[PDB]
Amino acid sequence: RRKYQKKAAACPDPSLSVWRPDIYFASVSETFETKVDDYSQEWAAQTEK
Amino acid sequence: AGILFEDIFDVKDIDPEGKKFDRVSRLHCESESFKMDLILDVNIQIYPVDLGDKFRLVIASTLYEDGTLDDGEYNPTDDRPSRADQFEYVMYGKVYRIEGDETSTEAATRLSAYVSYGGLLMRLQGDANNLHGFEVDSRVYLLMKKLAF
Amino acid sequence: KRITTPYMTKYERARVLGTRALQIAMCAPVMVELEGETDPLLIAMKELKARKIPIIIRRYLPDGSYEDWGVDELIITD
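Residue numbers (the deposited numbering), protein chains in the order written: chain A, 1132 to 1180; chain H, 2 to 150; chain F, 50 to 127.
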């Protein structure tokens, strides 16, 4: 019955539902992480040269 | 000597893009001893340049030719006999971009230099071997003097 | 067990620097070395910079629970 972990039992909750945003650092929203990761992919290609 | 660059240029075209700012002429040039171009803005009331005028160009980091000291502060009341002002037209401003056509390599053979002399710009594109001392936000002098031959 | 904001919000700073400026005025004891100004708010704002204001803040949660923060503990922004 290990497919209760292959199929995840739910989605993992957001980092603002768990781990409230004023106390736990880097608990940002899930569209803010995509913006920061796209910018860290672009910056590491434009700061290289 | 704190001479970051020194060459002899020849004006081939004046303001081809056609923007015509007052008191300021844009001077596209080519070089002689290097393989470079030059896109410089002058002040045309005081130091007039026409097309077909050769003039030597010096970009230096300090004006004191007795050692690189790089003071920064402008004193009109002090004059030293070791200035590099045997030239005629002297500007001052800082380098704001350098760019090149690198393809996963470092310092490709066509490097640029964008200097902003208080508002008057400059593009000195050429080989990377001739533009070593240009770092970004380095405050360099411009020194030019009209040749006649 | 105190899990609230480590930082001092603007309303916190308003009430602290207001009461402490009235706790400088009404001939109350001043607690910093000064140069001779005459406005209570400048005294109470130069005491916040020097971590000298001794106030405890009862941050009420909506239940009725209160946490006791000291002004010394709260990181003020610059």
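Just so you know, even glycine gets a beta-carbon here, dropped at the ideal spot from N, CA and C.
### Query
So H:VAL96 is in the alpha helix (DSSP H); what residue range does that whole segment cover?
One-based indexing of the second sequence puts residue 96 of chain H at position 95. Looking at the DSSP string, H:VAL96 is not in any alpha helix (DSSP H); the run it does join, the beta strand (DSSP E), is 90-98.
### Query
Would a C-beta distance cut-off of 7 Å place A:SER1158 and A:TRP1150 closer than the cut-off?
Looking up residue 1158 of chain A in the first sequence gives position 27. Looking up residue 1150 of chain A in the first sequence gives position 19. Their beta carbons are under 7 Å apart, which means A:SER1158 touches A:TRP1150 by this criterion.
#### Entry: Opening and closing residue of the alpha helix (DSSP H) in which F:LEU71 lies
Within the third sequence, numbered from 1, the residue matching residue 71 of chain F stands at position 22. From DSSP, the alpha helix (DSSP H) with F:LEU71 extends over 59-71.
### Task
For F:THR58, go through chain A and note every residue whose CB falls closer than 9 Å to its CB, in chain order.
Along the third sequence, one-based indexing puts residue 58 of chain F at 9. Chain A residues near F:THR58: none, gap ~10 Å exceeds 9 Å.
### Task
May I ask which residues mark the beginning and end of the beta strand (DSSP E) holding H:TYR115?
Position 114 of the second sequence, counting from 1, holds the residue named residue 115 of chain H. Segment 115-117, the beta strand (DSSP E) holding H:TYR115.
### Task
Taking 8 Å as the threshold, find out whether the segment 117-137 of chain H comes into contact with the segment 28-41 of chain H through three or more Cβ pairs.
The segment 117-137 of chain H is in contact with the segment 28-41 of chain H.
### Message
7 Å is my cut-off, CB to CB: does F:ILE52 come that close to chain C?
### Response
Here the protein chains are A, H and F, and chain C is not one of them.
### Within 7 Å, strictly: CB atoms of F:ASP117 and F:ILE105
Numbered from 1 along the third sequence, position 68 holds the residue referred to as residue 117 of chain F. Numbered from 1 along the third sequence, position 56 holds the residue referred to as residue 105 of chain F. It is a contact, given that the beta carbons lie within the stated cut-off.
### Task
Using DSSP bridges, identify the partner residues of H:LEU28.
Position 27 of the second sequence, counted from the first residue, corresponds to residue 28 of chain H. Answer by DSSP bridge pairing, in chain order: H:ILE15, H:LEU41.
### Task
Tell me whether H:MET123 sits in a helix, a strand or coil according to DSSP, three-state version.
Counting from 1 along the second sequence, the entry for residue 123 of chain H is found at position 122. Reduced to three states, the DSSP call for H:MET123 is strand.
### Query
Could you give the distance in angstroms between the alpha-carbon of residue 1 of chain H and the alpha-carbon of H:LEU52?
Nothing about residue 1 of chain H can be read from this structure; chain H reaches only from 2 to 150.
### Task
Could you tell me whether any non-hydrogen atom of the ligand MN is closer than 6 Å to the CB of A:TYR1155?
The ligand MN is not part of this structure, which contains no ligands at all.
### Beta-carbon proximity list for F:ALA70, same chain, < 6 Å, skipping 5 on both sides
As a working mapping, residue 70 of chain F is identified with position 21 in the third sequence. Around F:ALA70: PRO89, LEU90, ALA93.
### Task
From the DSSP output, read off the bridge partner residues of H:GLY101.
Translated into positions along the second sequence, residue 101 of chain H becomes position 100. In DSSP, H:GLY101 forms a bridge with H:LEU112.
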